[PDB]
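Working notes for the structure below.
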DNA sequence: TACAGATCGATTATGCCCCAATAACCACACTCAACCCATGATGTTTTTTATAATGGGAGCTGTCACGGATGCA
């Protein structure tokens with residue numbers, strides 16, 4: 151997978167609602183990784199590694 | 001005149017003293033280990049060092065996706 155920024159989605163992970171949870175992803179060539187995530191309550195969350 | 005026997009003289013038997021090997025039984029012996037006791041060379045362990053030194057992450061891990069509990073807040 152090439153270094154850069156990629157965006158993804160979820161297809162039925164949250165069975166309670168069935169919403170689509172988009173997320174962003176930063177993967178450098180070397181170094182720590184950065185992720186941006188949504189929630190069913192529509193809130194932004196981050197994750198490192 | 002025809003027909004008999006009769007003793008010299010030879011192969012066969014049977015046994016054993018020796019004896020030229022036969023075997024067990026007893027006598028004395030050197031050489032080669034085996035273990036030990038040192039001498040010493042090699043090995044192994046302990047001790048100390050006084051300018052000053054005062055908080056790593058070591059390479060993460062790279063990302064699957066079910067279910068069943070589960071411990072909370």
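Residue numbers (the entry's author numbering): 151 to 199.
Beta carbons are placed, not taken as given, at the ideal position from N, Cα and C, and that holds for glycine.
Query raised in the report: How many angstroms separate the CA atom of residue 179 from the CA atom of residue 196?
Result: Taking the first residue of the first chain as 1, we reach residue 179 at position 29. Taking the first residue of the first chain as 1, we reach residue 196 at position 46. Their Cα atoms are separated by approximately 20 angstroms.
Query raised in the report: What residues are listed by DSSP as bridge partners for residue 184?
Result: Along the first chain, one-based indexing puts residue 184 at 34. Assignment of beta-bridge partners to residue 184 by DSSP yields 176, 198.
Query raised in the report: For residue 173, which option in 181, 190, 182, 151 has the closest C-alpha, if you only look at C-alpha atoms?
Result: Along the first chain, one-based indexing puts residue 173 at 23. The residue from 181, 190, 182, 151 with its alpha-carbon nearest to that of residue 173 is 190.
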